[PDB]
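Colleague: Just to be clear, this is only the beginning of the complex, oriented as in the whole thing:
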Amino acid sequence: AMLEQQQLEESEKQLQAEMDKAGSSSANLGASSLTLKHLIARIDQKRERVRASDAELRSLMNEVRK
Amino acid sequence: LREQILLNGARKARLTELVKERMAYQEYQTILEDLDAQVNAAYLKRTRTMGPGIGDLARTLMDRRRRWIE
């Protein structure tokens, strides 16, 4: 498995450098959280106004995320 | 000079309290507008083709927009 993944990673990089040049809060939300880090900070501080649940809100954020 | 630096720091200190809240509004708006374009652009096709029942995509986008706003 270690060798197989290395071969795939090597193949991925090899294919890279070719197409690129041609084309020239606590929960683990993911990379999208950076696009709403400030919003995610403000929502919690005023968590009394909002009424959704954190699980739903992440689902709502996931659904609306492009 | 020592008298003016403190005043500037105080002024800049307050603005940082008003800037942070405005950044959050930007992120909430930049996703709301995207939904607005889809719900807006998902109805023009009905006019273009002149149709029939409302498509599911247009029925499940209004609530998504409404859930986000409310």
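Modeller: Right, received. Where do you want to start? Numbering: from 1, shown residues only, chains lettered A, B, ... in the order given.
Colleague: measure the one residue sitting closest to the centre of chain B to chain A for me?
Modeller: In chain B, the residue lying closest to the centroid (CA atoms, centre = their mean) is residue B:29, at 1.0 Å. Residue B:29 sits 10 Å away from chain A, going by CB to the nearest CB, to the nearest Å. All C-beta atoms are positioned from the backbone trio N, CA, C, and that covers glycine.
Colleague: Check residue B:18 too.
Modeller: Taking CB to the nearest CB, one finds residue B:18 at 13 Å from chain A.
Colleague: Ramachandran angles for the residue nearest to the centre of chain B?
Modeller: Dihedral pair for residue B:29: phi -80, psi -40, per degrees, to the nearest 10.
Colleague: Could you measure from it over to residue B:36?
Modeller: 10 Å (CB to CB, to the nearest Å).
Colleague: try residue A:16
Modeller: Using CB to CB, residue A:16 is found at 37 Å from residue B:36.
Colleague: cool, and residue B:12?
Modeller: In terms of CB to CB, residue B:12 sits 35 Å off from residue B:36.
Colleague: Chain C should go on the structure too:
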Amino acid sequence: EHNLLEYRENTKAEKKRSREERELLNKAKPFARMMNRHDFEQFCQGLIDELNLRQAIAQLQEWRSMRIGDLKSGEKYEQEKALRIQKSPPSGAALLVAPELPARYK
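Modeller: Just below you will find chain C, in place on the chains above:
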């Protein structure tokens, strides 16, 4: 608000100002959306005041190391130095180092 419809008046002052002041004002432009007219004027003027004061203090400290012992002779030396470097209205930093200080700095 802020009288952004006066293209002639707003530009001329920007031309009159110097290079360093121009950069600082251009850097603080966006925040005008949040403050009223007077607050923006106070905000910008303060930044200019601090920048000019630093220049004057740095200017004076240079004189004292040359053994210049009067504000009159300091200006004389600067004029001769300008001639020497050539041989080889007044700005804010020039009004603070005048023989008579402005009223608003007392």
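Colleague: can you map out the helices along chain A?
Modeller: A:2-15, A:19-22, A:37-45, A:54-64 (DSSP state H).
Colleague: same thing with chain C?
Modeller: Under DSSP H, chain C gives helices at C:7-16, C:19-27, C:37-64, C:71-87, C:92-95.
Colleague: Run a quick neighbour tally on the closest residue to residue A:25 other than its chain neighbours.
Modeller: For residue A:25, ignoring the flanking residues on the chain, the nearest one in space by CB to CB, 6 or more residues apart in numbering or on different chains is residue A:40 at 5.0 Å. By the criterion of other CB atoms under 10 Å in any protein chain shown, residue A:40 has 20 neighbours.
Colleague: Hmm, residue A:40 is touching residue A:30, no?
Modeller: No: Residue A:40 lies out of contact with residue A:30 (CB atoms under 8 Å); the separation is 11.7 Å.
Colleague: Just want the residue of chain B that's nearest chain C.
Modeller: residue B:1 (4.7 Å; CB to the nearest CB).
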